[PDB]
Each structure stands twice: as C-alpha cells, then as structure tokens.
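The structure under discussion appears below in the form of structure tokens.
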Amino acid sequence: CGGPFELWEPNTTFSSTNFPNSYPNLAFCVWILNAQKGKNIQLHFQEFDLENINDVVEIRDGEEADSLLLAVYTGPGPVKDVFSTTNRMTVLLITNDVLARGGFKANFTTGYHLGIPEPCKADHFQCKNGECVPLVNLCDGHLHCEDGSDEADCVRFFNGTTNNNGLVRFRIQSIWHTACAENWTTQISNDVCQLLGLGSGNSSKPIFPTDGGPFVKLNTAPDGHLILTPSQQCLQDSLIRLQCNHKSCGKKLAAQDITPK
Amino acid sequence: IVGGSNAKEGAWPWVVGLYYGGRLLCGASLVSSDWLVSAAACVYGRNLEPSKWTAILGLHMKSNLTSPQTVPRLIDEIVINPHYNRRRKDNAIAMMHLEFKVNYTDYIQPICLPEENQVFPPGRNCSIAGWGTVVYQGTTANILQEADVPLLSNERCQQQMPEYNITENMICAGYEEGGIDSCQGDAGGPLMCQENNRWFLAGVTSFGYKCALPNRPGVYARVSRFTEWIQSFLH
Ligand SMILES: *[C@@H]1O[C@H](CO)[C@@H](O)[C@H](O)[C@H]1NC(C)=O
Ligand SMILES: *[C@@H]1O[C@H](CO)[C@@H](O)[C@H](O)[C@H]1NC(C)=O
Ligand SMILES: *[C@@H]1O[C@H](CO)[C@@H](O)[C@H](O)[C@H]1NC(C)=O
Ligand SMILES: *[C@@H]1O[C@H](CO)[C@@H](O)[C@H](O)[C@H]1NC(C)=O
Ligand SMILES: *[C@@H]1O[C@H](CO)[C@@H](O)[C@H](O)[C@H]1NC(C)=O
Ligand SMILES: *[C@@H]1O[C@H](CO)[C@@H](O)[C@H](O)[C@H]1NC(C)=O
Ligand SMILES: *[C@@H]1O[C@H](CO)[C@@H](O)[C@H](O)[C@H]1NC(C)=O
Ligand SMILES: *[C@@H]1O[C@H](CO)[C@@H](O)[C@H](O)[C@H]1NC(C)=O
Ligand SMILES: *[C@@H]1O[C@H](CO)[C@@H](O)[C@H](O)[C@H]1NC(C)=O
C-alpha cells in the first residue's frame, strides 16, 4: 500500500516490494513510469511469477483521469512485453490475501516507436499488423494480412445518416467515388448488401448525377466476384441510392406458441 | 435472476454460457457468428489463456447437453475494453472471438446492436435471460430462468445507489420493491429490450450490490455508447 512510486529515466530496474521474499498481502502498490514528451514506454519483463486470477497487474496508460488499459498479466510464465503510447505508463498491482507469491521485475527503457514496427514509406500500404503490401492486396480479394486490414472495408455510404442506407460510394484501390446503375440488378444488389454487412436489397433506384467522380461500372458474372471498371464514360449517370434492409437480427426464428400464463 | 421463470426452449437463442475449464462462470450474448460480447468483470485476469475458455452455443438445459442444438466452440482471443476500470466499475464489457464459424441454426441466432442516437426510455417492460441464481446464498438453476425487469433513470439509480459513481455509460434496471433482480453467476447477461418486433442489446450485466433487495437494482453497462467499438471487431 506504501511501496514505490513514480520513477524517471536513470532508475530503471526495480522489483515490486521485495524480490528475495514474498510480497505482503492486501497490498495495492503503484509505479507511475514516466518519460519525456513524445517518448513511449516499454515494459519488458525479465522475471514474472505471480498467483492466479486473484492476483493481477492492471497495467494502465492513463496520463489523466480517463485511464486506458494495455494488458492484465497474471500467473507464471514469460509474459509478453507492453508498448505504451503516451509518456506515462501507470502500473497498478492488485493482490489477494491468500497464497502470496514472490514478485517480478521490470526494465523500462523509453524511446520512440518501440514495439510498433516502423512503417515502410514510398507507396507501401501498412496493414494493422505491421506487414507491408504496396499494391498486391489493396482491396482486391485476398487475405495476405491475417488481421484483415488488407481486405478491409474499402466501401461506404454518403449522406446515409441511418445505418443501412446511403450512396454507392466505392473505392477501387485509393480514391473513393460513386458508381453507375446501367446494368444494376437484384443479384449485384444483394451482393453489395452482403459485402456491406447488411441484409437484402429492398428498393434500388437512382436520384440524379451529383458529382463527376470516377464512377465504376458494376457487372455480374457466374464466377462469384463482381466485375468492376472505373470508366469515365456515362451520360446522365444514375447514382445508386441503395435501400438495403438489415440482416437476420435478434428476432424469434423458432416456432414458439402463444401461452400467456 | 432470482425470481425468474423457466423459458421456452428456443425463446432466447442469443444467450450462451461461458465455461472456464469445464465450469460455468458467466454468461455472454452472441452478436456475430464469431464474436461474442460478455462482461469484463469475469474475463479480467483470464484472457491470457483463451484455450481454457469454452462457449456452448444454443444451450438451454445443461443436463440436456446431448441434444444436437448445442454447438460447442473454443475461444482463441479475448479483447477487454480499453476504458475498463475494476475499482470504479466502469465500462465492464469485453468481446470474445471464436475459433471456427457457426451456422445460424433454429436455436442459434445473432442479436441486434443498439444504434447511435437511440435512447431507451425508462419504465420500459423488457426481460433478460441467463443462468440466474434462484437464491443469493445457494446455487443457480439448471434451466434458463428469466423475468421482466423495467428500466430506470440514471438520476433515480444514483439516488438509490450512492455507493457507486453512476456515470452516463451505465444504465440501471430493477424492481422498485426488489424481489426479482440479477444475482451472482449471471454476470454478462444481456438486457434484451424489444424494439419494433426486434430485440436489441440495451445492457450487459456488470455487477450487483445485493440481489433481490428493495431499492437496490443492478447496474448494467450501456451498450449504446460502444456500438462502433463492438462493430469494429465484427468484420
Ligand atoms: C533514483 O533513485 C535514487 C535513489 O533512491 C533517488 O535518490 C533519485 O531521486 C531517483 N531519481 C532520479 C535519480 O532521477
Ligand atoms: C533491461 O534489462 C534486461 C536484462 O537482461 C535487458 O535484456 C533489456 O535489454 C533491458 N532493456 C529493456 C528491457 O528495455
Ligand atoms: C450530401 O449532402 C451535402 C451537404 O453539404 C451536399 O453538399 C451534397 O450535395 C449531398 N450529396 C448528395 C448526393 O445528396
Ligand atoms: C448493360 O445495359 C446496356 C443497355 O441496356 C446493354 O446494352 C448492355 O449489354 C448491358 N451489359 C450487361 C453486361 O448486362
Ligand atoms: C422494405 O421496407 C418496407 C418498409 O415499410 C417493409 O415493409 C418491407 O417488408 C421491406 N421489404 C424488404 C424486401 O425488405
Ligand atoms: C433430454 O431429456 C429427454 C427427456 O428428459 C431425454 O429423453 C433425452 O435423452 C435428453 N437428451 C437429449 C435430448 O439430448
Ligand atoms: C454450415 O453450412 C456449410 C454450407 O454453407 C456446411 O458446409 C457446413 O457443414 C455447415 N456447418 C458448419 C458447422 O459449418
Ligand atoms: C410490466 O410487467 C409487470 C409484471 O411483469 C407488470 O406488473 C407491469 O404492469 C408491467 N408494466 C407495463 C408498463 O407493461
Ligand atoms: C463522480 O465522479 C465525478 C468526476 O470526478 C465527480 O465530480 C463526482 O463528485 C463523483 N460523485 C460521487 C458520488 O463520487
């Protein structure tokens, strides 16, 4: 309850309260590891052996009253390192009153962009896992980046205030733009419904051509994937005002009866 | 839930139970075919070993588990809310990813998430589900107990619950005279409130001061403030 407190750059290596023996029960310590402005924090563990879920380490990244969370470590084993974002990594210890363990150690060396891999510039799209894919998987129908960021949502709506409504805003690889409805059918309608995470198309109809952006030509084929071609040759273009209903949400699908008793 | 009634088999397909090493600990509400939503008060300190967790989908009777409607699944990823705080009891929600996808059967259906700019008015009759405990100092029930619980205002809840700082991100629901409220062993139970012939997720069972007590309702996590956060993991 009255252990160590905020440290700085020189003092790095520190135990919780007592390394050669066990920590006292009912203890609530705190180590507010700080650094200079613009520097992140690193929390590699050289030794870590604590009790079960009853004893955890609520690693915080607050810097203010609205504290965030980074990791909650417990039990034995070489737990993974923690890489904060702000320059104030708060470490709160919460222990029970039964079967206290030895302790742990932490060597926090600050720096810049520790943990997060350096993104590759010069036309190299960096998916959220650190992998680089310049143009091979820029929303083309592949799953190279295992986190799904390579095939992430490159489609959205426009003036679509509610949930399942809006324009036909489409991004081929880089630029967002609309499309055309010269060959628009219910098949591709439900296809783009499912691609947008929605139900089936209710009523698809255009309104008027608003902008002269590089609209795309939507087509159909038995290969499953829709054919797209961003050709800027279309007079009085019909911008799709897609009205897609929602998917099968939490409605009673079983064959229940009516027994009000 | 203490004063709950036995629910019809299939009336709540989006209410599953989370087993922690062969033992039911807390309940969860299935939102997508691979991502669940449960209270962070149970996965706190247990997310390091997701393989130990296991979620039975479409479970109605624990003893009647040999039925083909119950599809077991293994957990491989747990994501706790970043703004979680165990001391202040704020934002106690955490999603759980599934190993393999599951088909939407007759007894397995996804729940609807509350959209933004949609407030639930207090005093609205809508029930909950989950393995409610019949008696505080006893054991839970094998059947899915359920009962209607009206919604209350945040100001009235703060006046009735001065022990906890009730913020905007929490919504309470409980009888004025008590008797029927969520109890232990049912953390993470969904606050399913019907809206236009469709049930939503208007709250997650975070905790409870004293279940089945007058003027002592249960505080639920307001899911309407975390719609985009949950939807960011559904894809
Ligand atoms: C580091 O620890 C020493 C020893 O207790 C202390 O005197 C000093 O104030 C600490 N902080 C520094 C050197 O920035
Ligand atoms: C901290 O000390 C450990 C001890 O071996 C060392 O391996 C590590 O590189 C040091 N710096 C860190 C963890 O930033
Ligand atoms: C969408 O709304 C904006 C409001 O600023 C307007 O300028 C634009 O023309 C609208 N577009 C369509 C397609 O309605
Ligand atoms: C699209 O519609 C035009 C006009 O009806 C027609 O000439 C063309 O063959 C259609 N293309 C496809 C792929 O259906
Ligand atoms: C389309 O929306 C209307 C809303 O009034 C609804 O009645 C109708 O069932 C919907 N149709 C489909 C196919 O979703
Ligand atoms: C469920 O219960 C019934 C009767 O209580 C029994 O016949 C059956 O074997 C049980 N298990 C199932 C249906 O998987
Ligand atoms: C689900 O449906 C697919 C076909 O759409 C089928 O191959 C599969 O066996 C079904 N069951 C599961 C558990 O995926
Ligand atoms: C809600 O249900 C309770 C009993 O379940 C009943 O006494 C009460 O009148 C109901 N309120 C409304 C507004 O339907
Ligand atoms: C709740 O927290 C707010 C924010 O610090 C504070 O202003 C308020 O006094 C607190 N209320 C209670 C009852 O603790």
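Chains B and Z, in that order, give the protein sequences.
Each residue of the first sequence is one higher than the last, beginning at 6 in my numbering.
Each residue of the second sequence is one higher than the last, beginning at 5 in my numbering.
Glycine included, each C-beta is placed from N, C-alpha and C at the ideal position.
Query	Result
I need the straight-line Cα distance from B/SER20 to Z/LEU78, nearest angstrom please.	37 Å
Apart from the five residues on each side of it in sequence, which residues of its chain come closer than 8 Å, Cβ to Cβ, to Z/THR143?	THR137
Suppose contacts are defined by Cβ-Cβ distances below 8 Å. Is B/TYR78 in contact with Z/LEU52 by that definition?	yes
How far does the beta strand (DSSP E) with Z/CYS30 in it extend, from its first residue to its last?	28-34
Where does the unbroken beta strand (DSSP E) through B/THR234 begin, and where does it stop?	232-234
Would you tell me roughly how many angstroms separate the C-alpha atoms of B/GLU52 and Z/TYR179, rounded to the nearest one?	50 Å
Strictly below 9 Å CB to CB, what residues from chain B border Z/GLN113?	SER253, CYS254, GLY255, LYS256, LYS257, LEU258 and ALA259
Can we count Z/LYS105 as close to ligand 7, meaning its CB is less than 7 Å from some heavy atom?	yes
Quick check on the DSSP output: what are the complete beta strand (DSSP E) runs of length 3 or more inside the segment 97-162 of chain B, in order along the chain?	108-111
Taking all protein chains shown into account, do 16 or more other C-beta atoms lie within 10 angstroms of the C-beta of B/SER236, making it buried, or fewer, making it exposed?	exposed
Judging by CA-CA distance, which residue of Z/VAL20, Z/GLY189 and Z/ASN85 is the nearest neighbour of Z/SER37?	Z/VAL20
Taking only the alpha-carbon atoms, compute the straight-line gap between Z/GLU150 and Z/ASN10 and give it to the nearest angstrom.	7 Å
Looking at the C-beta of Z/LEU52, does it have a partner C-beta in chain B at a distance below 8 Å?	yes
Name, please, each residue of chain B whose Cβ falls closer than 8 Å to the Cβ of Z/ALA15.	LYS257, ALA259 and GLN261
Measure the alpha-carbon distance for B/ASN45 versus B/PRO214 and round it to whole angstroms.	49 Å
Under 8 Å by Cβ, that's how I've got Z/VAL208 and Z/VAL227 pegged, so tell me the actual separation to the nearest angstrom.	6 Å
Under 7 Å: does the beta carbon of B/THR114 sit that close to some heavy atom of ligand 2?	yes
Between the segment 158-181 of chain B and chain Z, which residues of the former have a C-beta closer than 7 Å to a C-beta of the latter?	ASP158 and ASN168
So, Z/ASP110 versus Z/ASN129, is the Cβ gap smaller than 8 Å?	no
Please state whether the Cβ-Cβ distance between B/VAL173 and B/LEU244 is less than 8 Å.	yes
Could you tell me whether any Cβ in chain B is nearer than 8 Å to the Cβ of Z/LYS56?	no
Taking only beta-carbon positions, decide if B/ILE37 is within less than 8 Å of chain Z.	no
What separation, rounded to the nearest whole angstrom, lies between the Cα atoms of B/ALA111 and B/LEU97?	13 Å
Are the Cβ atoms of Z/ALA43 and Z/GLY192 separated by less than 8 Å?	yes
Within the chosen definition, does the segment 170-186 of chain Z reach the segment 205-221 of chain Z through at least 3 CB pairs nearer than 8 Å?	yes
Return the residues of the segment 82-114 of chain Z that lie within a Cβ-Cβ distance of less than 8 Å from chain B, sorted by chain order.	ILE84, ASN85, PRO86, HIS87, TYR88, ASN89, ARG90, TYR108, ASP110, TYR111, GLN113 and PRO114
Would you list, in sequence order, the uninterrupted beta strand (DSSP E) runs of no fewer than 3 residues that lie entirely inside the segment 74-141 of chain Z?	75-84, 98-102 and 129-131
Between the segment 222-232 of chain B and the segment 182-194 of chain B, do at least 3 Cβ pairs fall closer than 8 Å?	yes
Is the Cβ-Cβ distance between B/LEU233 and B/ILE177 less than 8 Å?	yes
Tell me which residues share the same chain as B/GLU56 and place their Cβ nearer than 8 Å to its Cβ, disregarding the 5 neighbours each side in the sequence.	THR79, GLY80, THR100, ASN101, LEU104, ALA105 and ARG106
For B/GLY80, go through chain A and note every residue whose CB falls closer than 7 Å to its CB, in chain order.	Although the question refers to chain A, the structure presented lacks it and instead comprises the protein chains B and Z.
What does B/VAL87 pair with, by DSSP beta-bridge criteria?	BP columns for B/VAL87 are empty, so no partner.
With C-beta atoms as the reference, is B/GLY146 less than 8 Å away from B/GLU136?	no
Who are the neighbours of B/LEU201 on chain Z, taking C-beta pairs under 8 Å?	Within 8 Å Cβ-Cβ: nothing; B/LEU201 doesn't reach chain Z, min ~10 Å.
Between the Cα of B/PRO83 and those of B/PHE50, B/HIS129 and B/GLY108, spot the shortest distance and give me the residue it belongs to.	B/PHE50
In chain order, what residues of the same chain have a beta carbon less than 7 Å from the beta carbon of B/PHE163, not counting five sequence neighbours either side?	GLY171, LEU172 and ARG174
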